[PDB]
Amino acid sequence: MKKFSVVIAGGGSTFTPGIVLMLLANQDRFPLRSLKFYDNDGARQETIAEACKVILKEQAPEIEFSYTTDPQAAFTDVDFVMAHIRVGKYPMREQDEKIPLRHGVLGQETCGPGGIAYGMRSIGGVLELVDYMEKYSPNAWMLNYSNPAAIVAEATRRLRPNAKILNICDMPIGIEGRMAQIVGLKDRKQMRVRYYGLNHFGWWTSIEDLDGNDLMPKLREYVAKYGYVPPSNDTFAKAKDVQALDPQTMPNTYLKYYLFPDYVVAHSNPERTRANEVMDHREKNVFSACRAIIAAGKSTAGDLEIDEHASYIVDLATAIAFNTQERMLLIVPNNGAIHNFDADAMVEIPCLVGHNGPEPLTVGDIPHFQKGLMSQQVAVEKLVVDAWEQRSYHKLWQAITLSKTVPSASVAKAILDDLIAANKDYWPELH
């Protein structure tokens, strides 16, 4: 019937090609009349964009394509914005990981002080995107799968409460995929689940096949021995220890950072972090492939391939486009879904997705263990956004001090000072 207009914010992402490839393999369920790229780093995006221009011309030359650094040109005439930006890129991620480690605190992209720092950089970036979208395409939907979703979602809830923004996380997708393999189902869409939490901080409470057969027993018996490692890395295996605290549920893998922070630090190397691995491998590999493709005018000159994993974004996009009522986990204002939890908290819960966005299902009352953990972590997140809004040093020191990943307020302060000096070019002045 109709073809859609999509703009990818963060066109310079090393995941942009795989995603474009995935979109092309899904023109049957989600056809496009136009595809545009947007980035604030022109030179970086150009390499990714010229390579994709070749791919698109090969598999779908009928699709109108363009890339730019100009918001008006990028956000004009679009139905959807796919946002995957990394304010500060990998050089800043390296700082997020190493600074906490100098003080004996885990350094990670979205958890602990590292995540807090990334969130402080990301809030402004994402608010700008929202403002461009509303100005040039007031009816468009933004599919934000950027990080740290918990902090950024709190900011958009607070400062852009009526903006058509959908915050989604792919971590649960990956864990459900492994759970499916473990119990022997062909994919995660063969399961129906109940879940609650914050982004990167939740639990499955009910896991059944489509017929209603309870899969929890089978998963409990297996996960207790091997974690989320299917019969076919460390994070998935460690889920074994996370799940033992509450035998009746299945935990999100990111909970290892909050329940076993001593372990993460113990297995961390302050000299080489994950950002270093990506910069040494993925960053060069993808750009080298794009350079090769441009030089040849053929995609085959590159080893890029489809990111079937990212198909959940099309699930979301199509749910809205064709009002499918598909059931999926989204980050939404709680407002009674979890009855005994803060109404103004952003929570990750099951929702039906239609053309008007999500219809969250009720969750009910949650127990003291999860409630206590979530209350602590959402306060951290809300303090980070307080610090950004109010340009308050004490609000951020409070946030860091409150984190379960941080042993004391003195260590929290030492880290905060180091973080301030490193993020001078991104954070507002803190008083």
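Residue indices: 1-based, along the sequence shown.
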key: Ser232-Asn233 interval: deposited residues absent from the model   = 4 to 9
query = Which wins on mean Cα temperature factor, 205 to 213 or 159 to 167?
reply = 159 to 167
remark   = Higher avg CA temperature factor (60 to 68 vs 380 to 388, as deposited) belongs to 60 to 68
ask   = Between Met346, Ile116, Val126, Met279, where does the Cα B-factor run highest in the record?
value = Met279
request  = Compare the CA B factors listed in the entry for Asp241, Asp187, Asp342, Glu305 and report the winner.
outcome  = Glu305
query = How does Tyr254 rank on Cα B-factor within its chain, lowest, middle or highest third?
reply = lowest
ask   = Hey, what third does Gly10 fall into on Cα B-factor, ranked over its chain?
value = middle
request  = Please rank the C-alpha B-factors of the chain's modelled residues and tell me whether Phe30 sits in the lowest, middle or highest third.
outcome  = highest
key: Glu176 - which third its CA temperature factor falls in, relative to the rest of the chain   = lowest
task = Using the B-factor values recorded in the entry, state whether the Cα atom of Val265 falls in the lowest, middle or highest third among the modelled residues of its chain.
result = middle
